[PDB]
Protein chains: 2
Amino acid sequence: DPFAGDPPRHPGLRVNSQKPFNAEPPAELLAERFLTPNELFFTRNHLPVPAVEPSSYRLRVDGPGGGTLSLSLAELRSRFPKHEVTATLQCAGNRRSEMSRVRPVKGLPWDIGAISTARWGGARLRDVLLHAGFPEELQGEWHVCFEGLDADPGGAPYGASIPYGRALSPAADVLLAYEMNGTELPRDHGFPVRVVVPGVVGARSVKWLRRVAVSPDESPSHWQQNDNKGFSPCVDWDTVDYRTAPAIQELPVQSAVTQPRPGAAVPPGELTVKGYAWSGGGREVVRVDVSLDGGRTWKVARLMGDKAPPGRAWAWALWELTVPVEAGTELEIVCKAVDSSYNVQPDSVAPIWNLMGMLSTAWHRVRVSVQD
Amino acid sequence: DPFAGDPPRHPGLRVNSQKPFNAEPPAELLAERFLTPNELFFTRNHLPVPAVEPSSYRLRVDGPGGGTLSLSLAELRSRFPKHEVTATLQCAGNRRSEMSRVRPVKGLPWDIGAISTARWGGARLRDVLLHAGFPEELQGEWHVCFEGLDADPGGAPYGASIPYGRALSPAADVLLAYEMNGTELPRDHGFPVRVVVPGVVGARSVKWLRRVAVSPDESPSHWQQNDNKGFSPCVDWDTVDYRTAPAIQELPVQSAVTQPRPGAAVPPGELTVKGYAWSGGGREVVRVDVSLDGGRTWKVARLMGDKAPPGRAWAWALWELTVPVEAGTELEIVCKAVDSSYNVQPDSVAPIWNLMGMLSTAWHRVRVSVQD
Ligand SMILES: Nc1nc2c(c(=O)[nH]1)N[C@H]1C(S)=C(S)[C@@H](COP(=O)(O)O)O[C@H]1N2
Ligand SMILES: Nc1nc2c(c(=O)[nH]1)N[C@H]1C(S)=C(S)[C@@H](COP(=O)(O)O)O[C@H]1N2
Ligand SMILES: [Mo]
Ligand SMILES: [Mo]
């Protein structure tokens with residue numbers, strides 16, 4: 001069994017796949033803390049988890065001339081000033097299950113918890129590349145490609161890329177992270193080194209990093225080429241053409257209700273509605289609207305968070321709103337978020353439906369009853 | 001009459017205000033050309049148009065130490081390398097009239113044409129500020145404030161600001177423009193000098209520029225403070241608090257149908273649907289979906305445009321789709337656009353309603369009949 005060496009996990013996780021391991025925290029714990037504890041942080045693995053001996057580990061970085069820089073874990077820790085970045089990772093397939101209700105889709109059936117937040121610590125990717133000898137700026141459209149130590153039966157490693165400009169930008173905060181919430185990277189989260197790409201879909205934050213290569217082209221890996229792309233609702237498997245859509249990098253504005261849960265019976269008087277909101281590209285959440293009547297009338301929620309510099313809001317906003325609720329009524333609780341570019345979420349999931357269940361950001365709706 | 005000196009305009013414009021002058025091109029000409037001719041480019045004036053004598057004109061630029069740099073038009077032309085940028089300007093109030101159909105709103109009742117595109121030419125704002133002596137980077141959150149030569153009865157000039165980082169960024173393409181579509185700036189469009197801020201709401205592109213000042217604060221002008229801000233649909237004039245919402249800078253993804261027009265009767269056989277799509281922040285339009293049945297089923301439109309570098313898609317995409325249409329049927333033609341961060345447009349206008357009629361980006365719907 002290729003998975004026998006996989007690490008043990010917290011028992012309260014909502015697992016949608018055991019082998020490879022894919023799981024989200026319970027929604028009732030998801031937004032309980034601003035920083036998601038390491039044991040609860042959602043896990044998305046395509047493959048078996050690498051078993052890495054710390055001392056013999058080497059990160060490979062190709063130089064401008066095609067030579068190779070080889071970095072140990074100790075060197076990565078000591079040569080580069082540690083930078084700490086609080087960033088939310090959200091999977092492209094977050095809230096996929098909601099799309100399946102329109103029409104069955106391909107992919108892991110995530111509920112609202114394919115998203116978590118951590119304080120990451122590591123070397124700036126910028127500094128590692130400048131140390132390798134690369135300039136601040138390359139002419140034309142270049143990419144930094146990453147390969148993981150995890151590989152399929154045939155030997156093809158997990159791979160993804162980001163634009164070179166994001167990799168080199170001080171403000172973009174791209175890390176080669178060896179620390180997560182103040183402790184070393186857990187195995188499930190990329191021990192000993194992962195890329196963290198703030199404001200960008202989880203897919204690009206390559207775990208168990210073995211190689212960094214600068215290329216005039218995007219990662220040729222099938223996960224970069226044939227996955228994590230958004231198509232029109234008319235597109236089906238007979239007509240899909242991966243060349244017609246860009247690889248997801250930045251994600252659009254997103255929010256979900258974490259409290260209460262669908263189908264719950266709540267006591268009369270007062271109810272505290274809670275959830276999360278986030279947007280990609282370092283765009284801050286500037287408002288969250290909350291409705292109890294299916295989106296007919298709205299109230300403005302209270303936002304909790306780090307006030308980050310403009311364009312660098314990498315972490316989610318947690319939100320809450322206390323409302324009066326009357327015994328014997330039915331409520332449909334809805335939330336929608338607005339970001340710093342005033343992007344908004346769409347009303348319904350059908351018009352954003354797609355065959356791969358990606359980019360599920362229509363308003364989250366939670367129907368509950370108020371008991372007598 | 002304070003407006004007696006205003007310039008004459010093209011007679012086919014859809015004027016919503018004569019004094020001050022505010023008008024959009026007819027929708028049937030709006031997307032006819034990629035570059036909107038100067039005579040048709042939508043015009044938004046708060047005040048009378050300044051009469052500027054070219055030779056005595058001086059642009060005032062405050063230095064880091066509080067001194068003043070004074071630049072003539074000839075100096076602006078000769079001292080700084082001319083840069084050309086093709087950029088779409090869209091007013092915050094574009095498509096405001098559609099919001100009024102939910103509930104009356106305050107503001108000029110724009111239809112879909114408070115948007116136009118031009119090739120702008122001028123000095124980079126970056127170069128002008130570096131020449132004034134400013135560094136590449138100031139610590140903290142700084143702003144570049146602009147004042148126009150147009151002033152209200154009391155003497156308060158039109159004013160707006162942008163973040164300092166955008167002003168200094170080579171990639172952001174902020175111009176002090178003295179040329180528009182290859183000719184000098186028309187009076188209605190800011191003669192002799194306007195700011196053009198690509199990817200950002202029209203409000204910040206200050207016309208008839210008299211002063212550029214670097215400040216630790218946003219523009220204190222009432223147009224920056226008490227206007228062009230997006231609020232929750234629950235907010236009314238008794239409860240509005242301008243401190244609770246950010247000044248609009250980047251705009252969200254937008255699209256409209258320009259052909260055919262609402263209420264038209266079209267011949268059977270084939271119909272070519274056309275329109276525009278655009279998104280702020282240099283985010284490219286990556287797809288436009290078009291429906292004929294009120295948004296139940298969709299087809300992918302053809303996109304026409306400049307393929308710009310990533311993050312620098314300042315110009316709109318024009319789009320078209322040819323479909324079969326059957327005699328004696330009714331169609332509701334709908335378009336929605338998707339940008340490079342996969343932001344999308346929302347289904348309906350009610351949930352994005354606001355008291356000032358801002359940020360109207362719900363799907364544009366055009367009902368027509370197919371004749372026999
Ligand atoms: N090497 C490697 N890196 C990877 C993956 C993987 O399978 N292998 N999964 C990616 C995807 S699709 C997501 S959503 C995130 C999930 O990160 P987490 O498990 O730390 O939440 O890791 C990304 N990095
Ligand atoms: N000086 C000055 N600049 C200004 C304005 C103004 O009234 N005065 N209007 C602003 C607004 S709200 C918009 S939408 C754009 C419109 O530019 P246009 O008239 O060239 O289309 O100009 C901006 N710049
Ligand atoms: Mo993912
Ligand atoms: Mo405007």
# chains A, B, ... in the order shown; residues from 1 in each chain; ligands from 1
$ interface_residues --of "chain A" --to "chain B" --cutoff "9 Å" --atoms "only C-alpha atoms" --output "PyMOL selection string"
chain A and resi 140-141+163+230-235+244-246+248-253+280-281+286-289+295-300+309-310+340-348+350-352+359+362
$ write_last_selection --atoms "N, CA and C atoms" --output "CSV table (one decimal), in the first residue's frame"
chain,number,residue,atom,x,y,z
A,140,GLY,N,9.7,40.0,-20.7
A,140,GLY,CA,8.7,39.1,-21.2
A,140,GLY,C,8.0,38.4,-20.1
A,141,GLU,N,7.3,37.4,-20.4
A,141,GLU,CA,6.5,36.7,-19.4
A,141,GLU,C,7.1,35.4,-18.9
A,163,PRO,N,3.6,33.4,-12.0
A,163,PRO,CA,4.3,34.3,-12.7
A,163,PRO,C,5.6,34.8,-12.0
A,230,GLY,N,-11.5,27.4,-14.9
A,230,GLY,CA,-12.9,27.6,-14.9
A,230,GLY,C,-13.5,27.8,-16.2
A,231,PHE,N,-14.5,27.0,-16.5
A,231,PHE,CA,-15.2,27.0,-17.8
A,231,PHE,C,-16.6,27.5,-17.8
A,232,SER,N,-17.2,27.8,-19.0
A,232,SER,CA,-18.5,28.2,-19.1
A,232,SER,C,-19.5,27.1,-18.7
A,233,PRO,N,-20.7,27.5,-18.2
A,233,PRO,CA,-21.7,26.4,-17.8
A,233,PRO,C,-22.1,25.5,-18.9
A,234,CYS,N,-22.0,25.9,-20.2
A,234,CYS,CA,-22.3,25.1,-21.3
A,234,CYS,C,-21.3,24.0,-21.7
A,235,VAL,N,-20.1,24.1,-21.1
A,235,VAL,CA,-19.0,23.2,-21.4
A,235,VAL,C,-19.2,21.8,-20.7
A,244,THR,N,-8.4,27.0,-23.6
A,244,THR,CA,-9.3,28.2,-23.7
A,244,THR,C,-9.5,29.0,-22.3
A,245,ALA,N,-9.0,28.4,-21.2
A,245,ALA,CA,-9.1,29.1,-19.9
A,245,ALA,C,-7.8,29.2,-19.2
A,246,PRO,N,-7.5,30.3,-18.5
A,246,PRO,CA,-6.3,30.4,-17.8
A,246,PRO,C,-6.3,29.6,-16.5
A,248,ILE,N,-6.1,29.0,-12.8
A,248,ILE,CA,-6.5,29.8,-11.7
A,248,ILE,C,-5.3,30.3,-11.0
A,249,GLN,N,-5.2,31.6,-10.7
A,249,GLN,CA,-4.1,32.1,-9.8
A,249,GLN,C,-4.9,32.8,-8.7
A,250,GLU,N,-5.1,34.1,-8.8
A,250,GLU,CA,-6.0,34.8,-7.8
A,250,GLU,C,-7.4,34.2,-7.8
A,251,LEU,N,-8.0,34.2,-6.7
A,251,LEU,CA,-9.4,33.7,-6.5
A,251,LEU,C,-10.4,34.9,-6.3
A,252,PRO,N,-11.6,34.7,-6.7
A,252,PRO,CA,-12.6,35.8,-6.5
A,252,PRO,C,-13.1,35.8,-5.1
A,253,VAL,N,-13.9,36.8,-4.7
A,253,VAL,CA,-14.4,37.1,-3.4
A,253,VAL,C,-15.3,35.9,-3.0
A,280,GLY,N,-9.1,37.0,-3.1
A,280,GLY,CA,-7.8,36.8,-3.6
A,280,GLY,C,-7.1,38.0,-4.0
A,281,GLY,N,-5.8,37.9,-4.4
A,281,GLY,CA,-5.0,39.0,-4.8
A,281,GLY,C,-4.7,40.1,-3.8
A,286,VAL,N,-14.3,44.3,2.5
A,286,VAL,CA,-14.7,45.6,3.1
A,286,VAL,C,-16.1,45.6,3.7
A,287,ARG,N,-16.9,44.6,3.4
A,287,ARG,CA,-18.2,44.5,3.9
A,287,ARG,C,-18.7,43.1,3.7
A,288,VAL,N,-19.5,42.6,4.7
A,288,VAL,CA,-20.3,41.4,4.6
A,288,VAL,C,-21.7,41.7,4.9
A,289,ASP,N,-22.6,41.4,4.0
A,289,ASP,CA,-24.1,41.5,4.1
A,289,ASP,C,-24.7,40.2,4.5
A,295,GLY,N,-32.3,36.5,1.2
A,295,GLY,CA,-31.7,37.5,0.4
A,295,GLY,C,-32.5,38.6,-0.1
A,296,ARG,N,-33.7,38.8,0.6
A,296,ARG,CA,-34.6,39.9,0.2
A,296,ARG,C,-34.2,41.2,1.0
A,297,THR,N,-33.9,41.1,2.3
A,297,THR,CA,-33.4,42.2,3.1
A,297,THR,C,-32.0,41.8,3.7
A,298,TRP,N,-31.2,42.8,3.9
A,298,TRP,CA,-29.8,42.6,4.4
A,298,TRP,C,-29.5,43.5,5.6
A,299,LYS,N,-28.5,43.0,6.4
A,299,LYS,CA,-27.9,43.8,7.5
A,299,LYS,C,-26.4,43.6,7.3
A,300,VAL,N,-25.7,44.6,7.8
A,300,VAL,CA,-24.2,44.6,7.7
A,300,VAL,C,-23.6,43.9,8.9
A,309,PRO,N,-1.8,46.0,5.1
A,309,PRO,CA,-1.6,47.1,4.1
A,309,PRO,C,-2.4,46.9,2.9
A,310,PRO,N,-2.7,47.9,2.1
A,310,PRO,CA,-3.5,47.8,0.9
A,310,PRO,C,-2.9,46.8,-0.1
A,340,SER,N,-12.1,44.9,-1.8
A,340,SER,CA,-11.6,46.3,-1.9
A,340,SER,C,-11.6,46.8,-3.4
A,341,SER,N,-11.8,45.9,-4.4
A,341,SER,CA,-12.1,46.4,-5.7
A,341,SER,C,-13.6,46.4,-6.0
A,342,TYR,N,-14.4,46.3,-4.9
A,342,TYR,CA,-15.8,46.2,-5.0
A,342,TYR,C,-16.4,45.0,-5.8
A,343,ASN,N,-15.6,43.9,-5.9
A,343,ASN,CA,-16.1,42.7,-6.4
A,343,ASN,C,-17.1,42.1,-5.5
A,344,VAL,N,-18.1,41.4,-6.0
A,344,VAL,CA,-19.2,40.9,-5.3
A,344,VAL,C,-19.5,39.4,-5.6
A,345,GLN,N,-20.3,38.7,-4.9
A,345,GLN,CA,-20.6,37.3,-5.1
A,345,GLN,C,-22.0,37.3,-5.9
A,346,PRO,N,-22.1,36.3,-6.8
A,346,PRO,CA,-23.3,36.2,-7.6
A,346,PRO,C,-24.5,35.5,-6.8
A,347,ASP,N,-25.7,35.8,-7.2
A,347,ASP,CA,-26.9,35.2,-6.5
A,347,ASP,C,-27.0,33.7,-6.4
A,348,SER,N,-26.7,33.1,-7.5
A,348,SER,CA,-27.0,31.7,-7.7
A,348,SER,C,-25.9,30.8,-8.3
A,350,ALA,N,-26.2,28.0,-10.5
A,350,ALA,CA,-26.4,27.5,-11.9
A,350,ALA,C,-25.6,28.3,-13.0
A,351,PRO,N,-25.7,29.6,-13.0
A,351,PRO,CA,-24.9,30.4,-14.0
A,351,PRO,C,-23.4,30.4,-13.9
A,352,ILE,N,-22.9,29.9,-12.8
A,352,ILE,CA,-21.4,29.7,-12.6
A,352,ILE,C,-21.1,28.2,-12.6
A,359,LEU,N,-14.6,27.1,-8.4
A,359,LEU,CA,-15.0,28.5,-8.3
A,359,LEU,C,-16.5,28.6,-7.9
A,362,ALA,N,-21.2,31.5,-5.3
A,362,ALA,CA,-22.6,32.0,-5.1
A,362,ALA,C,-22.9,32.1,-3.7
$ residues_near_ligand --ligand "ligand 3" --cutoff "9 Å" --atoms "only C-alpha atoms and all ligand atoms" --output "mmCIF file with N, CA, C and O atoms, in the first residue's frame"
data_model
loop_
_atom_site.group_PDB
_atom_site.id
_atom_site.type_symbol
_atom_site.label_atom_id
_atom_site.label_comp_id
_atom_site.auth_asym_id
_atom_site.auth_seq_id
_atom_site.Cartn_x
_atom_site.Cartn_y
_atom_site.Cartn_z
ATOM 1 N N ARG A 44 -5.341 18.804 1.554
ATOM 2 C CA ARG A 44 -5.605 18.375 0.195
ATOM 3 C C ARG A 44 -4.316 17.753 -0.362
ATOM 4 O O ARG A 44 -3.353 18.465 -0.669
ATOM 5 N N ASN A 45 -4.301 16.419 -0.443
ATOM 6 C CA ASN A 45 -3.208 15.648 -1.049
ATOM 7 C C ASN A 45 -3.680 14.962 -2.330
ATOM 8 O O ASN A 45 -4.749 14.337 -2.347
ATOM 9 N N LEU A 89 -5.215 29.852 2.786
ATOM 10 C CA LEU A 89 -5.212 28.974 1.625
ATOM 11 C C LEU A 89 -6.636 28.505 1.386
ATOM 12 O O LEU A 89 -7.297 28.032 2.311
ATOM 13 N N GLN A 90 -7.106 28.666 0.149
ATOM 14 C CA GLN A 90 -8.413 28.163 -0.256
ATOM 15 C C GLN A 90 -8.253 27.319 -1.496
ATOM 16 O O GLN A 90 -7.641 27.751 -2.491
ATOM 17 N N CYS A 91 -8.805 26.111 -1.437
ATOM 18 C CA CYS A 91 -8.783 25.218 -2.584
ATOM 19 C C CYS A 91 -9.751 25.704 -3.658
ATOM 20 O O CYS A 91 -10.793 26.288 -3.340
ATOM 21 N N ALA A 92 -9.393 25.490 -4.929
ATOM 22 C CA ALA A 92 -10.266 25.826 -6.064
ATOM 23 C C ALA A 92 -11.634 25.137 -5.965
ATOM 24 O O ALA A 92 -12.661 25.662 -6.437
ATOM 25 N N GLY A 93 -11.631 23.956 -5.365
ATOM 26 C CA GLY A 93 -12.857 23.168 -5.221
ATOM 27 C C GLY A 93 -13.677 23.424 -3.967
ATOM 28 O O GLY A 93 -14.629 22.691 -3.710
ATOM 29 N N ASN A 94 -13.329 24.452 -3.186
ATOM 30 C CA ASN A 94 -14.128 24.807 -1.995
ATOM 31 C C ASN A 94 -15.584 25.028 -2.390
ATOM 32 O O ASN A 94 -15.862 25.692 -3.387
ATOM 33 N N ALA A 114 -12.889 23.835 2.675
ATOM 34 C CA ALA A 114 -11.623 23.720 1.946
ATOM 35 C C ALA A 114 -10.932 25.093 1.941
ATOM 36 O O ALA A 114 -10.596 25.660 0.887
ATOM 37 N N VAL A 201 -4.862 30.686 -5.369
ATOM 38 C CA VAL A 201 -5.465 29.353 -5.112
ATOM 39 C C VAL A 201 -4.461 28.377 -4.479
ATOM 40 O O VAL A 201 -3.262 28.440 -4.763
ATOM 41 N N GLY A 202 -4.950 27.500 -3.605
ATOM 42 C CA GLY A 202 -4.090 26.556 -2.871
ATOM 43 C C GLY A 202 -3.184 25.697 -3.748
ATOM 44 O O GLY A 202 -2.055 25.391 -3.360
ATOM 45 N N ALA A 203 -3.686 25.298 -4.914
ATOM 46 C CA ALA A 203 -2.927 24.503 -5.904
ATOM 47 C C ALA A 203 -1.486 24.933 -6.191
ATOM 48 O O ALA A 203 -0.642 24.085 -6.520
ATOM 49 N N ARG A 204 -1.214 26.235 -6.099
ATOM 50 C CA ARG A 204 0.109 26.777 -6.455
ATOM 51 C C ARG A 204 1.071 26.717 -5.270
ATOM 52 O O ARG A 204 2.287 26.793 -5.455
ATOM 53 N N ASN A 228 -7.935 22.780 -12.334
ATOM 54 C CA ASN A 228 -8.002 24.091 -11.697
ATOM 55 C C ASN A 228 -8.089 25.230 -12.716
ATOM 56 O O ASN A 228 -7.248 26.144 -12.742
#
$ atom_distance --atom1 "atom CA of residue 121 of chain B" --atom2 "atom CA of residue 315 of chain B"
14.5 Å
$ atom_distance --atom1 "atom CA of residue 60 of chain B" --atom2 "atom CA of residue 5 of chain B"
24.3 Å
$ closest_residue --among "B:156, B:59, B:132, B:209" --to "residue 221 of chain B" --atoms "only C-alpha atoms"
B:156
$ atom_distance --atom1 "atom CA of residue 198 of chain A" --atom2 "atom CA of residue 172 of chain A"
7.1 Å
$ residues_around --residues "residue 208 of chain A" --least-positions-apart "5" --cutoff "9 Å" --atoms "only C-alpha atoms" --output "tab-separated table (two decimals) with N, CA and C atoms, in the first residue's frame"
chain	number	residue	atom	x	y	z
A	49	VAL	N	1.87	10.95	1.07
A	49	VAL	CA	2.71	11.96	1.72
A	49	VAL	C	4.17	11.51	1.77
A	50	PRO	N	5.09	12.31	1.20
A	50	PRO	CA	6.51	11.97	1.28
A	50	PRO	C	7.02	11.80	2.72
A	52	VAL	N	10.30	12.32	4.60
A	52	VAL	CA	11.49	13.11	4.31
A	52	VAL	C	12.45	13.08	5.49
A	147	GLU	N	8.20	21.83	-8.20
A	147	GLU	CA	7.88	20.40	-8.18
A	147	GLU	C	7.92	19.89	-6.75
A	148	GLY	N	6.95	19.04	-6.42
A	148	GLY	CA	6.90	18.38	-5.12
A	148	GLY	C	7.65	17.05	-5.14
A	149	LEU	N	7.96	16.54	-3.96
A	149	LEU	CA	8.56	15.21	-3.80
A	149	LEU	C	7.54	14.08	-4.04
A	150	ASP	N	6.25	14.39	-3.96
A	150	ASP	CA	5.21	13.39	-4.24
A	150	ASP	C	5.06	13.15	-5.74
A	187	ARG	N	3.81	17.00	8.30
A	187	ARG	CA	3.97	16.19	7.09
A	187	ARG	C	2.83	16.42	6.07
A	189	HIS	N	1.17	18.97	5.62
A	189	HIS	CA	1.19	20.34	5.13
A	189	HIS	C	2.52	20.72	4.46
A	190	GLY	N	3.33	19.70	4.17
A	190	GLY	CA	4.48	19.89	3.29
A	190	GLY	C	5.88	19.74	3.86
A	191	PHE	N	6.01	19.20	5.08
A	191	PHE	CA	7.33	19.01	5.71
A	191	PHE	C	8.39	18.48	4.74
A	192	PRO	N	9.59	19.11	4.73
A	192	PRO	CA	10.01	20.24	5.56
A	192	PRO	C	9.79	21.64	4.95
A	193	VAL	N	9.43	21.70	3.66
A	193	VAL	CA	9.32	22.99	2.95
A	193	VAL	C	8.16	22.98	1.96
A	194	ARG	N	7.33	24.02	2.03
A	194	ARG	CA	6.31	24.24	1.01
A	194	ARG	C	6.43	25.67	0.46
A	195	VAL	N	5.93	25.89	-0.75
A	195	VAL	CA	5.69	27.25	-1.20
A	195	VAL	C	4.38	27.69	-0.56
$ select_by_dssp --residues "segment 81-204 of chain A" --states "alpha helix (DSSP H)" --output "PyMOL selection string"
chain A and resi 96-100+125-132+164-168
$ closest_residue --among "B:185, B:160, B:332, B:112" --to "residue 277 of chain B" --atoms "only C-alpha atoms"
B:112
$ select_by_dssp --residues "segment 100-173 of chain B" --states "strand (DSSP E)" --output "list in words"
residues 115, 116, 117, 118, 119, 120, 121, 122, 123, 124, 143, 144, 145, 146, 147, 148, 149, 150, 151, 157, 158, 159, 160, 161, 162 and 163 of chain B
$ write_last_selection --atoms "N, CA, C and O atoms" --output "short mmCIF file (atom, residue, chain, number, x, y, z; two decimals), in the first residue's frame"
data_model
loop_
_atom_site.label_atom_id
_atom_site.label_comp_id
_atom_site.auth_asym_id
_atom_site.auth_seq_id
_atom_site.Cartn_x
_atom_site.Cartn_y
_atom_site.Cartn_z
N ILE B 115 -18.77 54.85 -20.19
CA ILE B 115 -17.54 54.11 -20.39
C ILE B 115 -17.07 54.38 -21.83
O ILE B 115 -17.89 54.43 -22.76
N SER B 116 -15.77 54.60 -22.00
CA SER B 116 -15.19 54.79 -23.32
C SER B 116 -13.71 54.47 -23.25
O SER B 116 -13.14 54.39 -22.16
N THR B 117 -13.09 54.31 -24.41
CA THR B 117 -11.69 53.89 -24.47
C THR B 117 -10.89 54.80 -25.39
O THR B 117 -11.39 55.23 -26.43
N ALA B 118 -9.66 55.12 -24.99
CA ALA B 118 -8.78 55.95 -25.82
C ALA B 118 -7.33 55.57 -25.62
O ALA B 118 -6.97 55.04 -24.55
N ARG B 119 -6.51 55.82 -26.64
CA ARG B 119 -5.06 55.78 -26.50
C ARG B 119 -4.60 57.14 -25.97
O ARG B 119 -4.70 58.15 -26.66
N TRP B 120 -4.10 57.13 -24.74
CA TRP B 120 -3.65 58.33 -24.05
C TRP B 120 -2.15 58.45 -24.19
O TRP B 120 -1.44 57.44 -24.21
N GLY B 121 -1.65 59.68 -24.27
CA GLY B 121 -0.22 59.92 -24.37
C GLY B 121 0.16 61.06 -23.44
O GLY B 121 -0.57 62.05 -23.35
N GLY B 122 1.31 60.92 -22.78
CA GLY B 122 1.76 61.93 -21.84
C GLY B 122 2.98 61.50 -21.04
O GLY B 122 3.64 60.52 -21.38
N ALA B 123 3.28 62.27 -20.00
CA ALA B 123 4.38 61.94 -19.11
C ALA B 123 3.90 60.89 -18.12
O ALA B 123 2.72 60.89 -17.75
N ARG B 124 4.78 59.98 -17.72
CA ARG B 124 4.44 59.09 -16.62
C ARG B 124 4.40 59.92 -15.35
O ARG B 124 5.30 60.73 -15.10
N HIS B 143 -0.39 59.05 -0.27
CA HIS B 143 -1.31 59.30 -1.37
C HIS B 143 -0.80 60.42 -2.23
O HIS B 143 -0.08 61.30 -1.76
N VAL B 144 -1.16 60.38 -3.51
CA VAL B 144 -0.89 61.48 -4.41
C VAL B 144 -2.24 62.14 -4.71
O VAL B 144 -3.16 61.51 -5.24
N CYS B 145 -2.36 63.41 -4.31
CA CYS B 145 -3.60 64.16 -4.46
C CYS B 145 -3.54 65.07 -5.67
O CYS B 145 -2.50 65.69 -5.95
N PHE B 146 -4.65 65.14 -6.38
CA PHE B 146 -4.76 65.94 -7.59
C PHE B 146 -5.85 66.97 -7.41
O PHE B 146 -6.91 66.67 -6.86
N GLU B 147 -5.61 68.18 -7.92
CA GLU B 147 -6.65 69.21 -7.98
C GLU B 147 -6.82 69.68 -9.41
O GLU B 147 -5.84 69.87 -10.13
N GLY B 148 -8.08 69.86 -9.81
CA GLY B 148 -8.41 70.41 -11.11
C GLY B 148 -8.51 71.94 -11.07
O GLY B 148 -8.63 72.54 -10.00
N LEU B 149 -8.47 72.55 -12.25
CA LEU B 149 -8.69 74.00 -12.39
C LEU B 149 -10.17 74.39 -12.23
O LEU B 149 -10.47 75.55 -11.99
N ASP B 150 -11.08 73.42 -12.37
CA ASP B 150 -12.51 73.68 -12.16
C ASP B 150 -12.84 73.77 -10.67
O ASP B 150 -12.42 72.94 -9.88
N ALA B 151 -13.59 74.81 -10.30
CA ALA B 151 -13.95 75.02 -8.89
C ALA B 151 -15.43 75.38 -8.77
O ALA B 151 -16.02 75.93 -9.70
N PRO B 157 -11.83 73.25 -5.47
CA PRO B 157 -11.54 72.64 -6.76
C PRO B 157 -11.96 71.17 -6.78
O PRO B 157 -12.02 70.54 -5.72
N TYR B 158 -12.26 70.62 -7.95
CA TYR B 158 -12.43 69.18 -8.05
C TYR B 158 -11.13 68.52 -7.63
O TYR B 158 -10.05 68.95 -8.05
N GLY B 159 -11.23 67.51 -6.78
CA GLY B 159 -10.04 66.82 -6.28
C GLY B 159 -10.28 65.34 -6.08
O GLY B 159 -11.41 64.90 -5.82
N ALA B 160 -9.20 64.57 -6.19
CA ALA B 160 -9.22 63.13 -5.98
C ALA B 160 -7.78 62.68 -5.72
O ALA B 160 -6.84 63.47 -5.93
N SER B 161 -7.62 61.45 -5.24
CA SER B 161 -6.28 60.90 -5.00
C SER B 161 -6.17 59.42 -5.33
O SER B 161 -7.18 58.71 -5.46
N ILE B 162 -4.92 58.98 -5.49
CA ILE B 162 -4.61 57.56 -5.59
C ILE B 162 -3.48 57.22 -4.63
O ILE B 162 -2.72 58.12 -4.25
N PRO B 163 -3.37 55.95 -4.23
CA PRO B 163 -2.23 55.53 -3.41
C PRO B 163 -0.90 55.84 -4.10
O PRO B 163 -0.77 55.74 -5.33
#
$ residues_around --residues "residue 72 of chain B" --least-positions-apart "4" --cutoff "8 Å" --atoms "only C-alpha atoms" --output "NGL selection string"
:B and (55-59 or 76)
$ write_last_selection --atoms "N, CA and C atoms" --output "mmCIF file, in the first residue's frame"
data_model
loop_
_atom_site.group_PDB
_atom_site.id
_atom_site.type_symbol
_atom_site.label_atom_id
_atom_site.label_comp_id
_atom_site.auth_asym_id
_atom_site.auth_seq_id
_atom_site.Cartn_x
_atom_site.Cartn_y
_atom_site.Cartn_z
ATOM 1 N N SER B 55 0.061 78.723 -23.088
ATOM 2 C CA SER B 55 1.410 79.203 -22.787
ATOM 3 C C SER B 55 1.608 79.640 -21.331
ATOM 4 N N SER B 56 0.569 80.181 -20.701
ATOM 5 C CA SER B 56 0.670 80.604 -19.298
ATOM 6 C C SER B 56 0.313 79.493 -18.288
ATOM 7 N N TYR B 57 -0.229 78.380 -18.778
ATOM 8 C CA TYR B 57 -0.538 77.227 -17.913
ATOM 9 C C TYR B 57 0.698 76.703 -17.172
ATOM 10 N N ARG B 58 0.553 76.465 -15.870
ATOM 11 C CA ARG B 58 1.604 75.833 -15.078
ATOM 12 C C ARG B 58 1.028 74.721 -14.204
ATOM 13 N N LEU B 59 1.640 73.541 -14.270
ATOM 14 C CA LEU B 59 1.293 72.462 -13.360
ATOM 15 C C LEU B 59 2.122 72.592 -12.089
ATOM 16 N N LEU B 76 6.525 69.764 -19.764
ATOM 17 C CA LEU B 76 5.889 68.463 -19.582
ATOM 18 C C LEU B 76 6.040 67.592 -20.831
#
$ residues_around --residues "residue 40 of chain A" --least-positions-apart "5" --cutoff "12 Å" --atoms "only C-alpha atoms" --output "PyMOL selection string"
chain A and resi 9-15+23-33+35+113-118+181+186+188-189
$ closest_residue --among "A:330, A:127, A:218, A:236" --to "residue 80 of chain A" --atoms "only C-alpha atoms"
A:127
$ closest_residue --among "B:205, B:139, B:38, B:183" --to "ligand 2" --atoms "only C-alpha atoms and all ligand atoms"
B:205
